[PDB]
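Notes follow the structure.
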Amino acid sequence: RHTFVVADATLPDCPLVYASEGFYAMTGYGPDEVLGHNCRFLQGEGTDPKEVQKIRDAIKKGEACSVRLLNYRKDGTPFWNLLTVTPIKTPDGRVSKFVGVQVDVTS
Ligand SMILES: *[C@@]12=NC3=[C]C([C])=C([C])[C]=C3N([C][C]([O])[C]([O])[C]([O])[C]OP([O])([O])=O)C1=NC(=O)[N]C2=O
């Protein structure tokens, strides 16, 4: 059971431009509150800053990255999100999109 989102890297702050049906149902947010925004709205108090940094650097360096983050639903309840971000480049080597597979690993 996984969800899938696409982030536009041609825009500076990598806003989300497509999310799967499961992503909305897992987090409780609608497309009116997800599209056009950065995925960081899912984070909160217990989210490890050290893990968030691993993603920030991989995006700035144009690499892939797999982290385990604590995220929060719209109702504020926490869940554990195994996140894997993958860069998508053009033939000139420039990153156009970042793609993400999110898995709820709360078991
Ligand atoms: C988020 N999923 C997600 C999916 C993709 C494709 C990308 C590129 C990032 C995420 N994030 C991270 C978020 O967008 C942001 O990059 C990070 O917060 C680190 O950058 P900053 O500048 O904020 O330090 C995801 N973050 C989540 O918490 N949950 C996901 O599903």
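The numbering of chain A matches Swiss-Prot: 19-125, in order.
Quick reminder: no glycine exception, Cβ is built from N, Cα and C everywhere.
According to Swiss-Prot:
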BINDING   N56, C57, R58, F59, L60, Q61, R74, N89, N99, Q120  FMN binding site
MOD_RES   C57  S-4a-FMN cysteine
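A map of Swiss-Prot features onto the structure.
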residue : record            : Cβ contacts under 8 Å, 6 or more apart
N56     : FMN binding site  : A25, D31, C32, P33, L34
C57     : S-4a-FMN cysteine : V23, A25, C32, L34, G118
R58     : FMN binding site  : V70
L60     : FMN binding site  : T45, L87, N89, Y90, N99
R74     : FMN binding site  : none
Cα-Cα distance maximum in Å, computed over every pair in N56, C57, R58, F59, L60, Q61, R74, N89, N99, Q120 that the record assigns to FMN:
16
